[PDB]
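> The structure's right below; bear with me while I get my questions together.
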Amino acid sequence: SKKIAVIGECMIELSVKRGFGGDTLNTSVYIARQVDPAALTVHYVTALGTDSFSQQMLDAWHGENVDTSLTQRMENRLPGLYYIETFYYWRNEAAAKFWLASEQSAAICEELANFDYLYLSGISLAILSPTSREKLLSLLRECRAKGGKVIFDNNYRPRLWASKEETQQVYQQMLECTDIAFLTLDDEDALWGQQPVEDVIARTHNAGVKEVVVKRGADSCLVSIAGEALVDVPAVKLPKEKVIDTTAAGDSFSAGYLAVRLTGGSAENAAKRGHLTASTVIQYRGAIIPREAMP
Amino acid sequence: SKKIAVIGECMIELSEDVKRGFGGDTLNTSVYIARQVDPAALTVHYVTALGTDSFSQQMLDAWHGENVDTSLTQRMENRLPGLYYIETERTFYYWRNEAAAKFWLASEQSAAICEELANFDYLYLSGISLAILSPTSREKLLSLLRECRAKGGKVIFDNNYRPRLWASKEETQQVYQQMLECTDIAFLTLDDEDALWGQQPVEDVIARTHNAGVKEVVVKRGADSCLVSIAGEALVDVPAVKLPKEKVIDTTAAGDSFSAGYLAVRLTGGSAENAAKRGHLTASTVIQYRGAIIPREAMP
């Protein structure tokens, strides 16, 4: 079997109902829902507190067959919290920010260096200190040196960074450590200024990235593999009335794409699955849709 | 009319069905004073800082609806209110460490708001109001209190002690000592004094507090009687009217509502004894309801 570790943060979510939500955790759940665990196991890597909100999260994740054995619990921290009306965040002291700055960080990183795949988003980098970002980048390099592959989702939240220049510098270091990049085009527009998709693709290959997957909302997905012709796969047009909530469209697309791509499927079939997944998700309220209990 | 400014923090409150409201020790007190005084005799001003968000807005409107004036409360672009979460036997969870309220003395309106406050008849704050401020901000506040008193204002302190908000017991001790050297009326919850300074006879709690300079010491003893000691005068000792224990639903806000009831009377010409009676009456009613702020209709 192969193993993927998904690194980032999941918060307490308020919308009045209470759940949980985080871009990378959403992605982890959709991968786990779609793969044969004999082919690929999904590990979420974060930190939480020893409180009962953290517990309820861990429990639900185990119910989704997401392995949390590399997630840490920190006695004097809580999860971050966000509220949906507009988003409001109470996340600047989250346990998740500190997973690379504890006494257990080292052993966890030695375990992760041996993983087949490591995945993280722009948010996963944003929440780390400059020093923790360095440690994470070194882990990625070590994993790749051992034959592992690094996947990055460019999910861009300017409010989490000190400046546009800081994000650019950190994304540049990240792309130089990346094998597969998921780039939401609007996010590349926002971060780097508006540029033709061909230049977005080119500069990303120039950073060293072999496989660049460009997500374009309702426009088609472009997959560019260095030295190969472009793959162009249209989305699953739904009538307007079936679209209820576009939250997690992007995160679930990355999930569907990897469920296929990391179990032997073509880039075209991986894109088809990303589109099918995102299309399903947007027809139900909430980031995480009801599990298919009986397929 | 006289003006009292009440200074501290009100947070976004979640309680779990899951409901959203707002709560904070000094805000609860402000609301309870505002519910019981003649606006011609005494106006109530809450002094804090909030966000520009709609949570801050729902708070401001709600307080306006209670006749609390918010003109000296700041709205901060890049900050949100603190937020807390109650799970119900209750557990409390906090996300309060970047709340706007922490920074009201570190802004560009700070000096000018303080200039208005220096001229007020009464300034009131609690130990929580002090805990959330940086050392530098605490010093400016203490400076404001001195200026106010030199102008003939009176300073009122509620010792509400929350050790989680402080760096150390030593730090709390130092800042309380400084506060009490600047205080005219001190509401001392006796369990808080025991926790902060070690268990000592109530007579010594009273004496040391007079010794620090405080003229009127009001000791809250939960179900036990209220003791009011005014320097140079015999002790005043006022029991609550006994309440059947099954009617006690939620002791939340008991102490904050007692201070409010006391001040609604004491600051409008009433005796220490009637002020204590109204403290007890207010607290008695309050604890018979779920939530810090009971319904207007429920009031004494």
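Chains B and A, in that order, are what the protein sequence lines are.
With the entry's author numbering applied, the first sequence covers 79 to 93, 99 to 168, 176 to 385.
With the entry's author numbering applied, the second sequence covers 75 to 90, 94 to 165, 170 to 381.
All C-beta atoms in this analysis are idealised placements derived from N, C-alpha and C, irrespective of residue type, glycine included.
From this set, A/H291, A/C307 and A/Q134, which residue's C-alpha is nearest residue 395 of chain A's C-alpha?
Because residue 395 of chain A is not part of the residues shown, which for chain A are 75 to 381, the question remains open.
> Do A/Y109 and A/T150 count as a contact pair if the criterion is CB distance below 8 Å?
no
> So which of B/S356, B/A339 and B/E224 has the shortest CA-CA distance to B/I379?
Ranked by Cα distance from B/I379, the first of B/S356, B/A339 and B/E224 is B/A339.
> Run down chain B in chain order and give the residues with a C-beta less than 8 Å from the C-beta of A/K96.
Correct list: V99.
> Listed from N- to C-terminal order along the chain, which residues in the stretch 138-152 of chain B have their beta-carbon within a distance smaller than 7 Å of any beta-carbon of chain A?
Within the stretch 138-152 of chain B, not one residue has a Cβ closer than 7 Å to any Cβ of chain A.
> Beta-carbon of B/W180 versus every beta-carbon of chain A: anything under 8 Å?
Output row for B/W180: interface = yes.
> Residues of the stretch 346-370 of chain A with a CB closer than 9 Å to any CB of chain B: list them in chain order, please.
Listed in chain order, the positions of the stretch 346-370 of chain A with a beta carbon within less than 9 Å of a beta carbon of chain B would be empty, since no residue qualifies.
> What residues from chain A crowd round B/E301, counting only those whose CB sits closer than 8 Å?
Within 8 Å Cβ-Cβ: nothing; B/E301 doesn't reach chain A, min ~39 Å.
> Could you tell me whether the stretch 221-235 of chain A touches the stretch 267-283 of chain A, where touching means 3 or more Cβ pairs closer than 8 Å?
no
> Considering B/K362, what are the terminal residues of the alpha helix (DSSP H) in which it resides?
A357 to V371
> Over the uninterrupted alpha helix (DSSP H) stretch that includes B/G340, give me the two end residues.
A339 to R351
> Quick one: which chain B residues come within Cβ less than 9 Å of A/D130?
Under the 9 Å cutoff, chain B gives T176 and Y178.
> Suppose you measure from the CA of A/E164 to the CA of B/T176; what does that come to, to the nearest Å?
Near 25 Å, if we compare the C-alpha coordinates of B/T176 and A/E164.
> Alpha carbons only, please: which of A/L88, A/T106 and A/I86 is nearest the one belonging to A/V367?
A/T106
> Do B/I315 and B/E331 come within 8 Å of each other at the CB atom, strictly closer than that value?
no
> At 9 Å on the CB atoms, spell out the chain A contacts of B/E183, in chain order.
For B/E183, the residues of chain A that pass the 9 Å Cβ criterion are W176, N178 and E179, in the order they occur in the chain.
> Only counting the same chain, and skipping five residues up and downstream in sequence, which positions put a Cβ closer than 8 Å to that of A/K77?
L119, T120, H122, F201, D202 and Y203
> Pairing CB atoms from the stretch 137-151 of chain B with CB atoms from the stretch 174-186 of chain A, are three or more of them under 8 Å?
no
> Which partner residues does A/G100 have in the DSSP bridge list?
A/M85
> Please state whether DSSP places B/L202 in a helix, a strand or coil.
helix
> Buried or exposed for B/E278, going by 16 or more other Cβ atoms inside 10 Å?
buried
> Which first and last residues belong to the alpha helix (DSSP H) in which A/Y257 is found?
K250 to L261
> List in chain order: all unbroken alpha helix (DSSP H) runs of 4+ residues lying wholly within the stretch 172-251 of chain A.
191-198, 208-212 and 216-231
> Quick check on B/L226 - is its C-beta less than 8 Å from some C-beta in chain A?
No, its Cβ sits nowhere closer than 8 Å to a Cβ of chain A.
> Please work out which residues of its chain come closer than 7 Å, Cβ to Cβ, to B/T151, disregarding the five sequence neighbours upstream and downstream, and give them in chain order.
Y127, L141, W144 and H145
> Whole angstroms are fine: how far does the CA of A/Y343 sit from the CA of A/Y257?
22 Å
> Who are the near neighbours of A/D265 in its chain, counting only those whose CB is closer than 6 Å to its CB and skipping five residues on each side?
These residues qualify, in order along the chain: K235, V236 and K296.
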